[PDB]
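Notes to accompany the following structure.
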Amino acid sequence: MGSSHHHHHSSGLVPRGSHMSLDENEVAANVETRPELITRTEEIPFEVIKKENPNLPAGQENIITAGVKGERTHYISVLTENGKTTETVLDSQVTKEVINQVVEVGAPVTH
């Protein structure tokens, strides 16, 4: 829950269109708008959880699905500004979904 914006106390104008003359100087019209989209998968490991399973005879474990290390290729948009390339992620699909270890341990007793 770290991803969060802060656009609620700044200039809410952002016109960028107060004329009628195109200032284009490209062969056609560029690729689109944003720079090149690169990728890089980060090590996204799994994590086993502890849940209570009354169905079991107490103190009993059950490996519904052993946790397996996954991966997520992260697409970064490097913009060449001021003669420098800045690596800033933007959008990434799940490329090797990290399988979370699903284990259900029998209920303790009353606590």
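Quick notes on this structure:
- Ordering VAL68, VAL98, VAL31 by the number of other Cβ atoms within 10 Å of each residue's own Cβ, fewest first, gives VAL31, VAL68, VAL98.
- Trypsin sites (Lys or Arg not before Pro) within the stretch 29-91: DSSP coil, no more than 13 neighbouring Cβ in 10 Å: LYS50, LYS69, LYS84
- Dmax and Rg, reported as Rg then Dmax, of the chain (C-alpha, Å): 24.6, 77
- Charge sum, other residues only, whose C-beta stays under 13 Å from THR33's C-beta, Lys/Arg counted +1 and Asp/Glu -1: -2
- Under 28 Å from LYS69, Cα to Cα: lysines that are on another chain or at least 8 residues apart: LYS50, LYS51, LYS96
- Top positive-direction residue, dipole computed over the chain with Cβ charges, set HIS74, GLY17, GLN60: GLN60
- Extension gain, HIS7 back to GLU43 (0.36 nm per residue minus Cα-Cα distance, nm): 9.9 nm
- Dipole magnitude for the chain: computed about the Cα centre from +1 point charges on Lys and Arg Cβ and -1 point charges on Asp and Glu Cβ, it is near 300 debye.
- Calculated on the alpha-carbon coordinates, the convex hull of the stretch 36-77 measures out at 79 cubic angstrom per residue.
- Rounded to whole numbers, the Karplus 3J(HN,Hα) couplings from phi for the stretch 102-109 are 9, 10, 10, 8, x, 4, x, 4 Hz, using 6.51 cos²θ - 1.76 cosθ + 1.60 with θ = phi - 60°, and x at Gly and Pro.
FYI, it's all coordinate maths here, none of it is from the lab. Cβ coordinates were reconstructed from backbone atoms using ideal geometry, including for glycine residues, and neighbour counts include every protein chain displayed.
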